file my_file17.pdb (PDB, C-alpha atoms (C1' of nucleotides))
MODEL        1
ATOM      1  CA  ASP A   1      27.942 -25.148  56.716
ATOM      2  CA  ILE A   2      27.509 -27.304  53.579
ATOM      3  CA  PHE A   3      27.316 -30.974  54.632
ATOM      4  CA  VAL A   4      27.319 -32.609  51.159
ATOM      5  CA  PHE A   5      28.237 -31.808  47.526
ATOM      6  CA  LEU A   6      26.376 -33.504  44.616
ATOM      7  CA  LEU A   7      28.435 -34.176  41.481
ATOM      8  CA  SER A   8      28.446 -36.067  38.214
ATOM      9  CA  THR A   9      31.881 -37.555  37.699
ATOM     10  CA  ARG A  10      32.448 -36.221  34.156
ATOM     11  CA  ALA A  11      31.550 -32.648  35.184
ATOM     12  CA  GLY A  12      33.072 -32.358  38.666
ATOM     13  CA  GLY A  13      35.639 -35.185  38.876
ATOM     14  CA  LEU A  14      38.495 -33.082  37.347
ATOM     15  CA  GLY A  15      40.724 -30.240  38.690
ATOM     16  CA  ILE A  16      38.271 -29.186  41.386
ATOM     17  CA  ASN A  17      40.405 -29.305  44.660
ATOM     18  CA  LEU A  18      37.620 -30.349  47.131
ATOM     19  CA  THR A  19      40.000 -30.787  50.101
ATOM     20  CA  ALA A  20      37.147 -30.000  52.559
ATOM     21  CA  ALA A  21      35.557 -33.478  52.200
ATOM     22  CA  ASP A  22      36.397 -36.250  54.704
ATOM     23  CA  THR A  23      34.529 -38.903  52.656
ATOM     24  CA  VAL A  24      33.386 -39.866  49.148
ATOM     25  CA  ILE A  25      30.345 -41.854  48.050
ATOM     26  CA  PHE A  26      29.705 -43.335  44.612
ATOM     27  CA  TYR A  27      25.952 -43.884  44.145
ATOM     28  CA  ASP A  28      26.861 -45.621  40.822
ATOM     29  CA  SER A  29      30.036 -46.455  38.783
ATOM     30  CA  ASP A  30      31.315 -46.239  35.156
ATOM     31  CA  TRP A  31      32.498 -49.046  32.854
ATOM     32  CA  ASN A  32      35.847 -47.168  32.764
ATOM     33  CA  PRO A  33      38.108 -46.806  35.825
ATOM     34  CA  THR A  34      40.486 -43.820  36.064
ATOM     35  CA  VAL A  35      37.375 -41.567  36.120
ATOM     36  CA  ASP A  36      36.642 -42.653  39.694
ATOM     37  CA  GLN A  37      40.373 -42.417  40.546
ATOM     38  CA  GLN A  38      40.326 -38.741  39.469
ATOM     39  CA  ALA A  39      37.004 -38.191  41.320
ATOM     40  CA  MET A  40      38.575 -39.576  44.535
ATOM     41  CA  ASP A  41      42.000 -37.875  44.181
ATOM     42  CA  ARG A  42      40.266 -34.496  43.661
ATOM     43  CA  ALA A  43      39.508 -34.892  47.393
ATOM     44  CA  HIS A  44      42.586 -37.016  48.376
ATOM     45  CA  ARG A  45      45.567 -34.654  47.793
ATOM     46  CA  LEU A  46      48.453 -32.601  49.282
ATOM     47  CA  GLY A  47      46.144 -30.061  51.019
ATOM     48  CA  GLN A  48      44.599 -32.706  53.360
ATOM     49  CA  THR A  49      45.691 -33.763  56.883
TER      50      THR A  49
ATOM     51  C1'  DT B   1      37.331 -69.958  11.136
ATOM     52  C1'  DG B   2      39.236 -65.921  12.977
ATOM     53  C1'  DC B   3      39.472 -60.789  13.686
ATOM     54  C1'  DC B   4      37.591 -56.386  13.340
ATOM     55  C1'  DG B   5      35.381 -52.994  11.187
ATOM     56  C1'  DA B   6      31.823 -50.996  10.570
ATOM     57  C1'  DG B   7      27.642 -50.287  13.206
ATOM     58  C1'  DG B   8      23.859 -48.437  16.050
ATOM     59  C1'  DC B   9      22.175 -45.924  20.815
ATOM     60  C1'  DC B  10      22.879 -42.023  24.896
ATOM     61  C1'  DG B  11      25.321 -37.480  28.662
ATOM     62  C1'  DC B  12      28.266 -32.370  27.825
ATOM     63  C1'  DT B  13      28.346 -27.319  26.018
ATOM     64  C1'  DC B  14      27.037 -23.700  23.408
ATOM     65  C1'  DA B  15      23.464 -20.422  21.235
ATOM     66  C1'  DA B  16      19.194 -18.280  19.927
ATOM     67  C1'  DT B  17      14.201 -17.115  21.815
ATOM     68  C1'  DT B  18      11.156 -16.220  25.966
ATOM     69  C1'  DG B  19       9.626 -14.922  29.341
ATOM     70  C1'  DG B  20      10.555 -12.583  33.699
ATOM     71  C1'  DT B  21      11.849  -8.530  37.113
ATOM     72  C1'  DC B  22      13.952  -3.456  38.061
ATOM     73  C1'  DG B  23      13.632   1.125  38.359
ATOM     74  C1'  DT B  24      12.742   5.670  36.457
ATOM     75  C1'  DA B  25      10.919   9.427  33.331
ATOM     76  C1'  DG B  26       8.725  11.952  30.936
ATOM     77  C1'  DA B  27       3.681  12.046  28.728
ATOM     78  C1'  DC B  28      -1.326  11.074  29.869
ATOM     79  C1'  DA B  29      -5.335  11.639  32.143
ATOM     80  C1'  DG B  30      -7.630  14.873  34.629
ATOM     81  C1'  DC B  31      -8.686  19.390  37.168
ATOM     82  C1'  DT B  32      -9.798  23.429  37.110
ATOM     83  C1'  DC B  33     -10.548  25.930  34.644
ATOM     84  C1'  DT B  34     -13.305  31.225  33.677
ATOM     85  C1'  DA B  35     -12.780  32.210  29.752
ATOM     86  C1'  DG B  36     -15.749  33.139  25.966
ATOM     87  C1'  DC B  37     -17.688  32.551  22.389
ATOM     88  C1'  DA B  38     -20.166  29.556  20.094
ATOM     89  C1'  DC B  39     -25.061  26.661  20.692
ATOM     90  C1'  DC B  40     -29.145  27.373  21.753
ATOM     91  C1'  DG B  41     -33.907  29.406  21.986
ATOM     92  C1'  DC B  42     -36.836  32.800  19.940
ATOM     93  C1'  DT B  43     -38.918  35.275  16.801
ATOM     94  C1'  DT B  44     -39.107  37.102  11.856
ATOM     95  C1'  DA B  45     -39.802  37.092   6.991
ATOM     96  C1'  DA B  46     -38.533  35.172   4.309
ATOM     97  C1'  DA B  47     -36.963  30.164  -0.753
ATOM     98  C1'  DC B  48     -37.402  26.238  -2.289
ATOM     99  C1'  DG B  49     -38.946  21.712  -1.729
ATOM    100  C1'  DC B  50     -42.632  18.835  -3.137
ATOM    101  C1'  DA B  51     -47.280  15.801  -4.388
ATOM    102  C1'  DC B  52     -49.725  16.014  -8.283
ATOM    103  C1'  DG B  53     -52.911  14.931 -15.199
ATOM    104  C1'  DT B  54     -51.190  15.045 -19.330
ATOM    105  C1'  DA B  55     -48.465  15.566 -23.870
ATOM    106  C1'  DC B  56     -46.065  12.294 -25.679
ATOM    107  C1'  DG B  57     -40.959  10.249 -26.325
ATOM    108  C1'  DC B  58     -38.968   6.594 -26.539
ATOM    109  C1'  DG B  59     -38.122   1.797 -24.093
ATOM    110  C1'  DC B  60     -39.567  -2.288 -25.265
ATOM    111  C1'  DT B  61     -41.735  -5.583 -28.455
ATOM    112  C1'  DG B  62     -43.072  -9.693 -32.824
ATOM    113  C1'  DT B  63     -41.284 -10.711 -37.043
ATOM    114  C1'  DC B  64     -37.497 -12.599 -40.545
ATOM    115  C1'  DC B  65     -32.117 -13.169 -42.112
ATOM    116  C1'  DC B  66     -27.688 -14.435 -42.033
ATOM    117  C1'  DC B  67     -21.880 -14.272 -40.087
ATOM    118  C1'  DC B  68     -19.363 -15.535 -36.596
ATOM    119  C1'  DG B  69     -19.617 -18.776 -33.676
ATOM    120  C1'  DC B  70     -18.835 -24.031 -32.980
ATOM    121  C1'  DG B  71     -16.396 -28.245 -33.792
ATOM    122  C1'  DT B  72     -11.920 -31.136 -35.404
ATOM    123  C1'  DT B  73      -7.345 -32.480 -35.595
ATOM    124  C1'  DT B  74      -2.392 -31.747 -37.271
ATOM    125  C1'  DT B  75       1.254 -29.846 -36.062
ATOM    126  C1'  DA B  76       4.187 -26.960 -34.363
ATOM    127  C1'  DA B  77       7.263 -25.121 -31.611
ATOM    128  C1'  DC B  78       6.371 -23.163 -27.098
ATOM    129  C1'  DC B  79       7.260 -24.084 -22.801
ATOM    130  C1'  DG B  80       8.589 -26.705 -19.555
ATOM    131  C1'  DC B  81      12.459 -29.324 -17.614
ATOM    132  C1'  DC B  82      17.735 -30.522 -15.470
ATOM    133  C1'  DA B  83      22.360 -29.977 -14.839
ATOM    134  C1'  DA B  84      26.823 -27.207 -15.003
ATOM    135  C1'  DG B  85      29.656 -23.049 -14.536
ATOM    136  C1'  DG B  86      30.924 -18.391 -13.072
ATOM    137  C1'  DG B  87      30.794 -15.067 -10.765
ATOM    138  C1'  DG B  88      28.925 -11.612  -8.201
ATOM    139  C1'  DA B  89      25.947 -11.238  -4.356
ATOM    140  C1'  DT B  90      27.160 -12.199   0.553
ATOM    141  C1'  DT B  91      29.633 -12.406   5.182
ATOM    142  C1'  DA B  92      32.478 -11.099   8.546
ATOM    143  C1'  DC B  93      35.905  -8.106   9.975
ATOM    144  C1'  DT B  94      38.659  -3.207  10.970
ATOM    145  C1'  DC B  95      39.077   1.575  10.186
ATOM    146  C1'  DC B  96      36.941   5.283   9.816
ATOM    147  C1'  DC B  97      33.585   9.603   9.326
ATOM    148  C1'  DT B  98      29.657  11.799  10.541
ATOM    149  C1'  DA B  99      24.859  11.501  12.613
ATOM    150  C1'  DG B 100      23.232  12.894  16.212
ATOM    151  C1'  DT B 101      23.062  15.705  20.981
ATOM    152  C1'  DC B 102      23.134  20.105  23.463
ATOM    153  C1'  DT B 103      23.979  24.480  23.838
ATOM    154  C1'  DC B 104      24.491  29.123  22.819
ATOM    155  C1'  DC B 105      22.865  32.713  20.080
ATOM    156  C1'  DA B 106      20.024  36.168  16.574
ATOM    157  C1'  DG B 107      17.134  38.057  13.910
ATOM    158  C1'  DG B 108      13.758  36.567   9.956
ATOM    159  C1'  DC B 109       9.681  36.214   9.377
ATOM    160  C1'  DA B 110       5.628  34.230  10.304
ATOM    161  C1'  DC B 111       2.858  35.767  13.382
ATOM    162  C1'  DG B 112      -0.324  39.050  14.896
ATOM    163  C1'  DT B 113      -3.336  43.530  14.789
ATOM    164  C1'  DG B 114      -5.445  48.349  13.046
ATOM    165  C1'  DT B 115      -8.074  50.743   9.136
ATOM    166  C1'  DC B 116     -11.398  50.977   6.343
ATOM    167  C1'  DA B 117     -11.617  50.843  -0.324
ATOM    168  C1'  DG B 118     -11.689  49.132  -4.241
ATOM    169  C1'  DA B 119     -13.502  45.755  -4.663
ATOM    170  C1'  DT B 120     -17.893  42.889  -6.386
ATOM    171  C1'  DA B 121     -22.714  42.129  -5.363
ATOM    172  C1'  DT B 122     -27.471  43.396  -6.444
ATOM    173  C1'  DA B 123     -31.464  45.990  -9.608
ATOM    174  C1'  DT B 124     -33.581  47.632 -13.574
ATOM    175  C1'  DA B 125     -33.705  48.347 -18.472
ATOM    176  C1'  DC B 126     -32.480  46.018 -22.480
ATOM    177  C1'  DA B 127     -30.510  44.682 -26.929
ATOM    178  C1'  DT B 128     -28.253  41.140 -28.561
ATOM    179  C1'  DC B 129     -26.264  36.797 -28.987
ATOM    180  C1'  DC B 130     -27.222  32.499 -29.071
ATOM    181  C1'  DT B 131     -30.263  28.295 -29.676
ATOM    182  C1'  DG B 132     -33.406  25.435 -32.456
ATOM    183  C1'  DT B 133     -34.946  24.990 -36.589
ATOM    184  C1'  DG B 134     -34.834  24.187 -41.257
ATOM    185  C1'  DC B 135     -32.010  23.091 -45.376
ATOM    186  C1'  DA B 136     -28.016  21.900 -50.387
ATOM    187  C1'  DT B 137     -23.635  19.061 -51.478
ATOM    188  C1'  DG B 138     -19.777  17.030 -50.801
ATOM    189  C1'  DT B 139     -17.294  13.653 -48.958
ATOM    190  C1'  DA B 140     -16.077   9.836 -46.969
ATOM    191  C1'  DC B 141     -17.738   5.389 -47.796
ATOM    192  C1'  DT B 142     -18.416   0.535 -49.930
ATOM    193  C1'  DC B 143     -17.424  -2.004 -53.936
ATOM    194  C1'  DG B 144     -14.802  -4.128 -57.963
ATOM    195  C1'  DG B 145     -10.539  -4.924 -60.709
ATOM    196  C1'  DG B 146      -5.579  -4.786 -61.092
ATOM    197  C1'  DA B 147      -0.599  -3.859 -59.216
ATOM    198  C1'  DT B 148       2.799  -4.551 -55.806
ATOM    199  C1'  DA B 149       4.728  -7.026 -51.866
ATOM    200  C1'  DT B 150       6.008 -11.249 -48.998
ATOM    201  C1'  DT B 151       5.453 -15.417 -47.383
ATOM    202  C1'  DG B 152       7.107 -20.464 -47.692
TER     203       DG B 152
ENDMDL
END
call {"tool": "encode", "arguments": {"input": "my_file17.pdb", "output": "structure tokens"}}
result
Amino acid sequence: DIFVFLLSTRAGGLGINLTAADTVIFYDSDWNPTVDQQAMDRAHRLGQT
DNA sequence: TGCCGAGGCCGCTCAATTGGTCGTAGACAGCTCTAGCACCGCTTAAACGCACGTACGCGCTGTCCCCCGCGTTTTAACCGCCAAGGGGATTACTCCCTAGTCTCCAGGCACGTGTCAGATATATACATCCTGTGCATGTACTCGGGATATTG
């Protein structure tokens, strides 16, 4: 049902296991990488096909 | 110079108040009482309030005559302060005991009536006690002089 999830990277970018998402959009970006890497790899992980 | 070190602005997360919504349980408002006994209306023969010079009692008044007030300033320590120290008032936790609930259960006594008496009120006669008045001394007072106590 739910088309889109809205997150802030520091709140939702860790641990969350959002394997249901086909795609990721950053509306803005932080001065520090690694945050975004976590935010992406909490979709991109072993559960996906 | 350098470096950097120290420096100054902005999203999480938690923790009281605040206000909102849920549902349910006696307790409030109201009805009909009904029922009855007080309020009323209606007389009566009743007490006690009240509008009203005058005798006159004292509240208020025109005088002079003095202490305590009124004014000054030195000082004197009273009272305020701040800062430090010690503990004891305080806080937060864990174990514990009973405060509180309900429930059953009885009879103690506070409740109520049933009769009718020793009580106290009211009158008349009255004597007596008590008030208001008038009337001596006896003291408690104000003063002066000296002894004892106490402050500086």
call {"tool": "atom_distance", "arguments": {"input": "my_file17.pdb", "atom1": "atom CA of residue 3 of chain A", "atom2": "atom CA of residue 20 of chain A"}}
result
10.1 Å
call {"tool": "resolve_selection", "arguments": {"input": "my_file17.pdb", "expression": "the PyMOL selection byres ((chain B) within 12 of (chain A))", "output": "list in words"}}
result
residues 11, 12 and 13 of chain B
call {"tool": "atom_distance", "arguments": {"input": "my_file17.pdb", "atom1": "atom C1' of residue 133 of chain B", "atom2": "atom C1' of residue 54 of chain B"}}
result
25.7 Å
call {"tool": "atom_distance", "arguments": {"input": "my_file17.pdb", "atom1": "atom CA of residue 30 of chain A", "atom2": "atom CA of residue 13 of chain A"}}
result
12.4 Å
call {"tool": "resolve_selection", "arguments": {"input": "my_file17.pdb", "expression": "the PyMOL selection byres ((chain A and resi 27) around 12)", "output": "VMD selection string"}}
result
chain A and resid 6 to 9 24 to 26 28 to 30 36
call {"tool": "closest_residue", "arguments": {"input": "my_file17.pdb", "among": "A:19, A:4, A:12, A:47", "to": "residue 35 of chain A", "atoms": "all atoms listed in the file"}}
result
A:12
call {"tool": "residues_near_point", "arguments": {"input": "my_file17.pdb", "point": "(41.6, -33.2, 51.8)", "cutoff": "12 Å", "atoms": "all atoms listed in the file", "output": "VMD selection string"}}
result
chain A and resid 16 to 24 40 to 49
call {"tool": "axis_aligned_box", "arguments": {"input": "my_file17.pdb", "around": "segment 77-91 of chain B", "padding_each_side": "4 Å", "output": "lines of an AutoDock Vina configuration file"}}
result
center_x = 18.6
center_y = -20.9
center_z = -13.2
size_x = 32.6
size_y = 27.3
size_z = 44.8
call {"tool": "decode", "arguments": {"input": "my_file17.pdb", "residues": "segment 85-118 of chain B", "atoms": "N, CA and C atoms (P, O5', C5', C4', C3', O3' and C1' of nucleotides)", "output": "short mmCIF file (atom, residue, chain, number, x, y, z; two decimals), in the first residue's frame"}}
result
data_model
loop_
_atom_site.label_atom_id
_atom_site.label_comp_id
_atom_site.auth_asym_id
_atom_site.auth_seq_id
_atom_site.Cartn_x
_atom_site.Cartn_y
_atom_site.Cartn_z
P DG B 85 35.80 26.94 56.08
"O5'" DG B 85 34.59 26.58 57.07
"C5'" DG B 85 34.66 27.03 58.45
"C4'" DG B 85 33.98 26.03 59.35
"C3'" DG B 85 34.18 24.57 58.97
"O3'" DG B 85 34.15 23.82 60.18
"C1'" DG B 85 31.91 25.25 58.55
P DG B 86 34.30 22.22 60.21
"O5'" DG B 86 33.14 21.92 61.26
"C5'" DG B 86 31.90 22.67 61.13
"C4'" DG B 86 30.79 21.87 61.74
"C3'" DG B 86 30.89 20.37 61.49
"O3'" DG B 86 30.54 19.67 62.68
"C1'" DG B 86 29.11 21.38 60.17
P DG B 87 30.12 18.12 62.66
"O5'" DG B 87 28.54 18.24 62.34
"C5'" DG B 87 27.74 19.12 63.16
"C4'" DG B 87 26.37 19.28 62.55
"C3'" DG B 87 25.57 17.99 62.40
"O3'" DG B 87 24.19 18.29 62.54
"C1'" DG B 87 25.90 18.93 60.29
P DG B 88 23.63 19.04 63.85
"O5'" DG B 88 22.03 18.96 63.69
"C5'" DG B 88 21.36 19.98 62.91
"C4'" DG B 88 20.76 19.36 61.68
"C3'" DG B 88 19.85 18.15 61.93
"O3'" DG B 88 18.66 18.30 61.16
"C1'" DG B 88 21.38 17.66 60.25
P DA B 89 17.25 18.65 61.85
"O5'" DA B 89 16.50 19.37 60.63
"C5'" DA B 89 17.18 20.44 59.93
"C4'" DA B 89 16.97 20.27 58.45
"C3'" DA B 89 15.68 19.54 58.07
"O3'" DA B 89 15.16 20.08 56.86
"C1'" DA B 89 17.53 18.29 57.32
P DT B 90 14.17 19.22 55.93
"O5'" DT B 90 15.20 18.34 55.06
"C5'" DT B 90 16.16 19.02 54.22
"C4'" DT B 90 16.32 18.24 52.94
"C3'" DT B 90 15.03 17.58 52.47
"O3'" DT B 90 14.94 17.67 51.05
"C1'" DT B 90 16.68 15.93 52.83
P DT B 91 14.06 16.63 50.20
"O5'" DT B 91 15.08 15.40 49.99
"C5'" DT B 91 16.34 15.65 49.33
"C4'" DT B 91 16.60 14.55 48.33
"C3'" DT B 91 15.35 14.03 47.63
"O3'" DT B 91 15.68 13.69 46.29
"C1'" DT B 91 16.29 12.32 49.03
P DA B 92 14.70 12.81 45.38
"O5'" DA B 92 15.19 11.31 45.70
"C5'" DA B 92 16.54 10.94 45.33
"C4'" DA B 92 16.68 9.44 45.45
"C3'" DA B 92 15.52 8.66 44.85
"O3'" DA B 92 15.98 7.50 44.16
"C1'" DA B 92 15.74 8.16 47.16
P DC B 93 14.94 6.46 43.51
"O5'" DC B 93 15.04 5.19 44.50
"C5'" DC B 93 16.27 4.42 44.51
"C4'" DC B 93 16.29 3.53 45.73
"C3'" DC B 93 15.31 2.36 45.70
"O3'" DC B 93 16.02 1.15 45.47
"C1'" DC B 93 15.37 3.45 47.86
P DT B 94 15.26 -0.25 45.28
"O5'" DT B 94 14.92 -0.76 46.77
"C5'" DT B 94 16.01 -1.13 47.65
"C4'" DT B 94 15.51 -2.00 48.78
"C3'" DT B 94 14.43 -3.01 48.38
"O3'" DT B 94 14.67 -4.24 49.06
"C1'" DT B 94 13.57 -1.51 50.03
P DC B 95 13.51 -5.32 49.29
"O5'" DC B 95 12.99 -4.95 50.77
"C5'" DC B 95 13.97 -4.91 51.85
"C4'" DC B 95 13.27 -4.93 53.18
"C3'" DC B 95 12.25 -6.06 53.36
"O3'" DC B 95 12.41 -6.57 54.68
"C1'" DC B 95 11.17 -3.91 53.51
P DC B 96 11.48 -7.72 55.31
"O5'" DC B 96 10.29 -6.84 55.95
"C5'" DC B 96 10.60 -5.81 56.96
"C4'" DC B 96 9.41 -4.92 57.20
"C3'" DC B 96 8.14 -5.63 57.65
"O3'" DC B 96 8.10 -5.68 59.08
"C1'" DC B 96 7.65 -3.96 55.97
P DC B 97 6.97 -6.49 59.89
"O5'" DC B 97 5.76 -5.42 59.90
"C5'" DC B 97 6.02 -4.09 60.42
"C4'" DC B 97 4.73 -3.33 60.49
"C3'" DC B 97 3.56 -4.13 61.06
"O3'" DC B 97 2.88 -3.33 62.03
"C1'" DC B 97 3.03 -3.33 58.86
P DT B 98 1.44 -3.74 62.61
"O5'" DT B 98 0.49 -2.81 61.72
"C5'" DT B 98 0.70 -1.37 61.74
"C4'" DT B 98 -0.35 -0.71 60.88
"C3'" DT B 98 -1.79 -1.03 61.28
"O3'" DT B 98 -2.69 0.01 60.93
"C1'" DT B 98 -1.38 -1.85 59.12
P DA B 99 -2.72 1.43 61.68
"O5'" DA B 99 -3.37 2.30 60.49
"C5'" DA B 99 -2.85 2.10 59.16
"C4'" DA B 99 -3.72 2.79 58.14
"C3'" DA B 99 -5.12 3.15 58.60
"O3'" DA B 99 -5.57 4.19 57.75
"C1'" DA B 99 -5.16 1.22 57.18
P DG B 100 -7.10 4.66 57.66
"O5'" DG B 100 -7.74 3.59 56.63
"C5'" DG B 100 -7.15 3.48 55.31
"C4'" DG B 100 -7.96 2.52 54.47
"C3'" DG B 100 -9.46 2.57 54.72
"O3'" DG B 100 -10.12 2.36 53.48
"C1'" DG B 100 -8.69 0.39 55.09
P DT B 101 -11.72 2.40 53.35
"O5'" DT B 101 -11.93 1.34 52.17
"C5'" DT B 101 -11.25 0.06 52.28
"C4'" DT B 101 -12.04 -0.98 51.52
"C3'" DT B 101 -13.54 -0.87 51.70
"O3'" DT B 101 -14.19 -1.58 50.64
"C1'" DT B 101 -12.72 -2.73 52.92
P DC B 102 -15.79 -1.64 50.50
"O5'" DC B 102 -15.96 -3.20 50.12
"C5'" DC B 102 -15.29 -4.19 50.94
"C4'" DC B 102 -16.26 -5.28 51.30
"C3'" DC B 102 -17.65 -4.79 51.70
"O3'" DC B 102 -18.69 -5.44 50.97
"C1'" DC B 102 -16.57 -5.94 53.54
P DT B 103 -18.75 -7.04 50.76
"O5'" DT B 103 -18.72 -7.71 52.23
"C5'" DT B 103 -18.39 -9.11 52.33
"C4'" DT B 103 -18.91 -9.65 53.64
"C3'" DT B 103 -20.37 -9.29 53.93
"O3'" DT B 103 -21.14 -10.49 53.89
"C1'" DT B 103 -18.96 -8.92 55.86
P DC B 104 -22.51 -10.65 54.70
"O5'" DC B 104 -21.97 -11.11 56.15
"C5'" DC B 104 -21.06 -12.23 56.21
"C4'" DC B 104 -20.99 -12.73 57.63
"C3'" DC B 104 -22.35 -12.93 58.29
"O3'" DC B 104 -22.31 -14.09 59.11
"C1'" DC B 104 -21.11 -11.24 59.45
P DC B 105 -23.61 -14.56 59.94
"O5'" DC B 105 -23.54 -13.63 61.25
"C5'" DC B 105 -22.40 -13.76 62.13
"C4'" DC B 105 -22.66 -12.93 63.36
"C3'" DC B 105 -24.13 -12.89 63.78
"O3'" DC B 105 -24.28 -13.36 65.11
"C1'" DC B 105 -23.16 -10.71 63.76
P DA B 106 -25.72 -13.63 65.77
"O5'" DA B 106 -25.52 -12.85 67.17
"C5'" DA B 106 -24.91 -11.54 67.13
"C4'" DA B 106 -24.72 -11.04 68.54
"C3'" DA B 106 -25.96 -11.11 69.42
"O3'" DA B 106 -25.58 -11.47 70.74
"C1'" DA B 106 -25.55 -8.87 68.57
P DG B 107 -26.65 -11.53 71.94
"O5'" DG B 107 -26.79 -9.99 72.39
"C5'" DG B 107 -25.62 -9.31 72.92
"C4'" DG B 107 -25.92 -7.84 73.05
"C3'" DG B 107 -27.14 -7.50 73.90
"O3'" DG B 107 -26.89 -6.34 74.69
"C1'" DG B 107 -27.37 -6.54 71.78
P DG B 108 -25.78 -6.32 75.84
"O5'" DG B 108 -25.37 -4.76 75.75
"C5'" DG B 108 -25.13 -4.22 74.43
"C4'" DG B 108 -24.80 -2.76 74.54
"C3'" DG B 108 -25.25 -2.07 75.81
"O3'" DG B 108 -24.47 -0.89 75.96
"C1'" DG B 108 -26.78 -1.64 74.01
P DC B 109 -24.80 0.25 77.04
"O5'" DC B 109 -25.89 1.16 76.30
"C5'" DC B 109 -25.47 1.92 75.13
"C4'" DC B 109 -26.67 2.59 74.51
"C3'" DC B 109 -27.56 3.36 75.49
"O3'" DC B 109 -27.90 4.63 74.94
"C1'" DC B 109 -28.86 1.92 74.18
P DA B 110 -26.96 5.91 75.14
"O5'" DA B 110 -27.45 6.84 73.93
"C5'" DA B 110 -27.18 6.40 72.58
"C4'" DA B 110 -28.44 6.48 71.76
"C3'" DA B 110 -29.32 7.68 72.08
"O3'" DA B 110 -29.67 8.31 70.85
"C1'" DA B 110 -30.59 5.69 72.18
P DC B 111 -30.68 9.56 70.80
"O5'" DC B 111 -32.09 8.84 70.53
"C5'" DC B 111 -32.30 8.25 69.22
"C4'" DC B 111 -33.54 7.39 69.24
"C3'" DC B 111 -34.83 8.09 69.64
"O3'" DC B 111 -35.44 8.77 68.54
"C1'" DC B 111 -34.70 5.88 70.56
P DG B 112 -36.62 9.83 68.79
"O5'" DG B 112 -37.86 8.98 69.34
"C5'" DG B 112 -38.61 8.16 68.42
"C4'" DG B 112 -39.52 7.25 69.20
"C3'" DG B 112 -40.48 7.96 70.14
"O3'" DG B 112 -41.66 8.39 69.48
"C1'" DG B 112 -39.46 6.12 71.24
P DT B 113 -42.75 9.33 70.20
"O5'" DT B 113 -43.56 8.31 71.16
"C5'" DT B 113 -44.21 7.17 70.56
"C4'" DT B 113 -44.67 6.22 71.64
"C3'" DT B 113 -45.92 6.68 72.40
"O3'" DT B 113 -46.82 5.59 72.55
"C1'" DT B 113 -44.14 6.26 73.93
P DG B 114 -48.00 5.62 73.64
"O5'" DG B 114 -47.27 5.12 74.99
"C5'" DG B 114 -47.72 3.90 75.62
"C4'" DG B 114 -48.26 4.21 77.00
"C3'" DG B 114 -49.49 5.11 77.03
"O3'" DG B 114 -50.28 4.75 78.15
"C1'" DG B 114 -47.72 6.17 78.15
P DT B 115 -51.63 5.54 78.57
"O5'" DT B 115 -51.33 5.76 80.14
"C5'" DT B 115 -50.04 6.30 80.53
"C4'" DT B 115 -49.98 6.44 82.02
"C3'" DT B 115 -51.12 7.24 82.62
"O3'" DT B 115 -51.24 6.89 84.00
"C1'" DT B 115 -49.13 8.53 82.67
P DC B 116 -52.32 7.60 84.96
"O5'" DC B 116 -51.56 8.95 85.41
"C5'" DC B 116 -50.31 8.84 86.13
"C4'" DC B 116 -49.78 10.23 86.39
"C3'" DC B 116 -50.78 11.16 87.07
"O3'" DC B 116 -50.09 11.94 88.05
"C1'" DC B 116 -50.11 12.07 84.99
P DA B 117 -49.95 11.40 89.55
"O5'" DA B 117 -48.67 12.18 90.14
"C5'" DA B 117 -47.36 11.85 89.63
"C4'" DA B 117 -46.33 12.73 90.28
"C3'" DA B 117 -46.60 13.07 91.74
"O3'" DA B 117 -45.34 13.31 92.38
"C1'" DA B 117 -47.16 14.90 90.26
P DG B 118 -45.21 13.61 93.95
"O5'" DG B 118 -43.62 13.76 94.21
"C5'" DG B 118 -42.77 14.15 93.11
"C4'" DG B 118 -42.87 15.64 92.87
"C3'" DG B 118 -42.90 16.50 94.13
"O3'" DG B 118 -41.57 16.96 94.39
"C1'" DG B 118 -44.36 17.32 92.39
#
